[PDB]
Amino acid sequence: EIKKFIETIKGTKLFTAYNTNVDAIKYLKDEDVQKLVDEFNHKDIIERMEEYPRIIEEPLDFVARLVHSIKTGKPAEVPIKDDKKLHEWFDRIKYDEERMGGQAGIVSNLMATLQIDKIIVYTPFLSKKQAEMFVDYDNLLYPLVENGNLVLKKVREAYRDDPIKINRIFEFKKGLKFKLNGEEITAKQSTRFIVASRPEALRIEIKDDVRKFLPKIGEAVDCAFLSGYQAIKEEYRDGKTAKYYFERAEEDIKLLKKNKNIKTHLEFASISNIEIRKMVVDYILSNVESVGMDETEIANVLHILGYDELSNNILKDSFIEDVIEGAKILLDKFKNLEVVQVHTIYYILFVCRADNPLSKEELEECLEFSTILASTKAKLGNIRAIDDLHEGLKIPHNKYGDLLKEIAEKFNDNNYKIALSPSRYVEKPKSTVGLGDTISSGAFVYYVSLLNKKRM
């Protein structure tokens, strides 16, 4: 059964862009949080939470948004300003581990670990330290231009004297507790709060040298997993703007498809700036075949598209019926879209049109594979070998499963195909960062694999 999953994906080839970084991870304990809040007047924390800062300019902004994430039990990603004083305050924190971060980095590593035929990863900065966090696999490749020719080089050997990007990941578990202004706050969910660096010099783009060869890169692969748009700023000091990078990124997608119509996937993320979030919808979502979102992310998209009541209902009640309705709206709105994927702590869902070449059972097989990856990663923290997948396979489907599945399954009809795999939930997960990327990329690569297998 693991064998069979691995065989099925082996011939699939993947391009991924644009974001790789170091994720410096802190596993928060009660006392770590208590110490963070005790550095401030508890009243100042409550007042700053009322303001809801969407960018971290001083440590109090961080503490406010972290408490908010713990209290609501919801993940968030919030950018920092680049100043020294703030950067240094964050360095005094003792991190427990460093690992590959960023969608394109995590997905690359996963697919190298799973031993698919080829992975081509692009990111603009590739320092030695960064490159050496990639998995050692001869067919995990980075595109270089040498004497006017495209060279695909093993990523770990392709490094140069580039700067390094570091994001800071604050992981907490269900049951974590602390006191703020007399109130004991207890985490009801295990999740993570991300402090996002957006270094001025690091652009979400393919640089001109490589960009000339995007069509050839597309022909070399079967599909593309794209993300990183979440770090685009409205303005750069050199006068470039979000619009410039978004127009360019939309064109990247057409260039990739120019000589081969590969499947492309957008992975959404928590995007603090609502103007950037809108641009991801307008420029990227409109041009891809697959989209991966959590529940909050689909609500956010729906709100951008003017479906305010449905989006707020999703946020409020998380009814699977409402999520499905939202997915259908996306399918109806975006003709290029073939599959809408939503993942929550309870399930992963695919919504497709009836005309999709895959059957409902084949869609299910994609999701069942993906859930094994995600639960393995939740248990161990990392998927280091194919053999690790036996961990995920031991964990049973969560107790809401038959029920969620039953509800969703009734929306299969003449117009739409729906598949749902309940999560295989682990009470005390080692970590949560990258679980979505793991599930989304697994499901998508499996989907592409089954399409191509059927086409022959």
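We number the residues from 1 along the sequence you see.
Colleague: Pick between 327-335 and 80-88: the one whose mean CA B-factor in the entry is higher.
Modeller: Looking at the recorded C-alpha B-factors, 80-88 comes out higher on average.
Colleague: Looking at the entry, does 298-306 or 258-266 show the higher mean C-alpha B-factor?
Modeller: Per the PDB entry, the higher value belongs to 258-266.
Colleague: Name the one of 250, 289, 161, 205 with the greatest CA B-factor according to the PDB entry.
Modeller: Across 250, 289, 161, 205, the entry lists the biggest C-alpha B-factor for 161.
Colleague: Which is it among 140, 100, 107, 201: the one with the largest CA B-factor in the entry?
Modeller: Reading the PDB entry, the winner on C-alpha B-factor is 201.
Colleague: Classify residue 64 as lowest, middle or highest third according to the C-alpha B-factor given in the PDB entry, relative to its own chain.
Modeller: For residue 64, whose C-alpha B-factor we compare with every modelled residue in the chain, the answer is the lowest third.
Colleague: Going by the recorded CA B-factors, say which third of the chain residue 149 sits in, lowest, middle or highest.
Modeller: Top third by C-alpha B-factor.
Colleague: How does the C-alpha B factor of residue 213 compare with the rest of the chain: lowest, middle or highest third?
Modeller: Top third by C-alpha B-factor.
Colleague: Once the chain's modelled residues are ordered by C-alpha B factor and cut into thirds, is residue 181 in the lowest, middle or highest one?
Modeller: Highest third, going by the recorded CA B-factors of the chain.
Colleague: Name the third of the chain's ranked CA B-factors that contains residue 230, choosing lowest, middle or highest.
Modeller: Answer is lowest: the recorded C-alpha B-factor places it there.
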